[PDB]
Amino acid sequence: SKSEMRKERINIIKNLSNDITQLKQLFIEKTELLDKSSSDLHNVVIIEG
Amino acid sequence: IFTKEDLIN
């Protein structure tokens, strides 16, 4: 029991870490994509002449 | 740092 209970603890903690991994990967990815669009926006500007 | 829109210009 308790051996496999601990293994399935590890499994559900692994699932939770997969959820955190989804959070990190996709949100940092789309955030850096927003930053790419920001350099398209905030860093492609015309003012002077 | 350096950007590609530099190279676009």
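The deposited coordinates, according to the entry record, derive from cryo-EM at 6.1 Å resolution.

(A) Main features of the overall build of chain A. Helices and strands together make up the secondary structure of chain A, namely one helix and zero strands. For chain A, the proportion of its 49 residues judged to be buried stands at 0%. Taking the 8 positively charged and 8 negatively charged side chains of chain A as two groups, their mean positions are separated by 17 Å.

(B) Looking closely at the pattern of salt bridges. Residues and elements named next belong to chain A. Enumeration over the complete set of coordinates arrives at one salt bridge over all chains. Residue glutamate 4 pairs with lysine 7 through a salt bridge whose shortest N-O separation is 3.9 Å. Here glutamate 4 and its partner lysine 7 are both found in helix α1 (residues 2-41), three residues apart, which amounts to about one turn of the helix. Assessed through its relative accessible area of 42%, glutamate 4 is described here as partly exposed.

(C) Summary view of a nonpolar patch on the surface. All names here are of chain A. A contiguous nonpolar surface patch, about 580 Å² in accessible area, is contributed by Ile13, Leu16, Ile20, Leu23, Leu26 and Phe27. Tracing the backbone shows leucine 16 in helix α1. Judged by its relative accessible area of 48%, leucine 16 falls in the partly exposed class.

(D) Spotlight on the environment of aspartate 35 of chain A. Mapped onto the secondary structure, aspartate 35 of chain A falls in helix α1. Note on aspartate 35 of chain A: relative accessible area 33%, which makes it partly exposed.

(E) Geometry of the environment of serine 1 of chain A. Within the secondary structure, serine 1 of chain A sits in the segment before α1. Along the chain, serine 1 of chain A and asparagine 11 of chain A lie 10 residues apart, while their C-alpha atoms are 15 Å from each other.

(F) Summary view of the side chain of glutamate 5 of chain B. Following the sequence through the fold, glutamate 5 of chain B ends up in helix α1 (residues 4-8). Salt bridges are absent for the buried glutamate 5 of chain B, whose nearest opposite-charge side chain, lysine 4 of chain B, sits at 4.6 Å. What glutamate 5 of chain B contacts, discounting residues up to four positions off in sequence, is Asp40 and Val44 of chain A.

What counts and what doesn't
- Residues numbered from 1 in each chain as written, not as in the entry; some residues may be left out.
- Chains lettered and ligands numbered in written order.
- Part of a larger assembly, values for the part shown.
- Heavy atoms only, no water.
- Helix = DSSP H or I, 4+ residues; strand = E, 2+ residues; numbered from the N terminus.
- Buried < 20%, exposed > 50% of the residue type's maximum accessible area, 1.4 Å probe, protein only.
- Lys, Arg positive; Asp, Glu negative; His and termini not counted.
- Charge placed at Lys NZ, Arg CZ, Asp CG, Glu CD.
- Salt bridge = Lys/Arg side-chain N within 4 Å of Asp/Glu carboxyl O.
- Patch = residues over 30% accessible without salt bridge, like charges linked within 9 Å, V, L, I, M, F, W, Y side chains within 5 Å.
- Areas by Shrake-Rupley, 256 points an atom, 1.4 Å probe, with all protein chains shown as cover.
- Contact = heavy atoms within 4.5 Å.

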